[PDB]
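In: Opening with a subset of the complex:
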Amino acid sequence: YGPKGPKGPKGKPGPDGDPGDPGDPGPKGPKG
Amino acid sequence: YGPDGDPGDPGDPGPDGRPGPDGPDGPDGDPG
């Protein structure tokens, strides 16, 4: 038996994450 | 020769996603 070969190249980077959660609501408009 | 080497490490986590959507419109203002 012989020794195992060299460890392989690291994998490619993963795909992009999703867009973030929606922001909070705007404030109430100014009173008249 | 020997057995195949170990698999490479997993790739890097993918990039962070983009900023989330803008929040909803705020409620309209009170009558004066």
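Out: Yep, it's here. Numbers count the residues shown, from 1 in each chain, chains lettered A, B, ... in the order given.

In: ok, residue B:8 - how many residues close by?
Out: If you count neighbours by other CB atoms under 10 Å in any protein chain shown, residue B:8 ends up with 13. All C-beta atoms are positioned from the backbone trio N, CA, C, and that covers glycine.

In: pretty sure it contacts residue A:7?
Out: Yes - Residue B:8 lies in contact with residue A:7 (CB atoms under 8 Å); the separation is 6.3 Å.

In: Briefly note if stretch B:22-32 comes near chain A.
Out: Yes - on the criterion CB under 8 Å from any CB of the partner chain, stretch B:22-32 is in touch with chain A at B:22, B:23, B:24, B:25, B:26, B:27, B:28, B:29, B:30, B:31, B:32.

In: out of those, which one sits closest to residue A:23?
Out: Closest to residue A:23 out of the residues of stretch B:22-32 next to chain A is residue B:23 (3.4 Å), distances taken as CB to CB.

In: one more chain, chain C:
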Amino acid sequence: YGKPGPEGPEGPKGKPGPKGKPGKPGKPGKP
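Out: Chain C added:
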């Protein structure tokens, strides 16, 4: 020595982006 190991698996999907900006203000109230 044996042959090189295989390429590793692709990385996982990235984390969600930052939370979005606040929405715009409501319209001004009427007189």
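
In: Go back to the neighbour count of residue B:8, now with chain C?
Out: Other residues near residue B:8 come to 19 when the count uses other CB under 10 Å.

In: The spatially most central residue of chain A sits in which helix or strand?
Out: Centroid check for chain A by CA atoms, centre = their mean gives residue A:17 as the closest residue, at 3.3 Å. Of the helices and strands defined by DSSP states H and E, none includes residue A:17.

In: go on, residue B:14?
Out: Assigned by DSSP H and E, residue B:14 belongs to no helix or strand.

In: show me what contacts the residue nearest the centre of chain B?
Out: Nearest to the geometric centre of chain B sits residue B:17, at 3.2 Å (CA atoms, centre = their mean). For residue B:17, the contact set (CB atoms under 8 Å, 6 or more residues apart in numbering or on different chains) comprises A:16, A:17, A:18, A:19, A:20, C:14, C:15, C:16, C:17.

In: could you redo the last one with a cut-off of 10 Å?
Out: A:15, A:16, A:17, A:18, A:19, A:20, C:13, C:14, C:15, C:16, C:17, C:18 (CB atoms under 10 Å, 6 or more residues apart in numbering or on different chains).

In: Much appreciated, bye for now.
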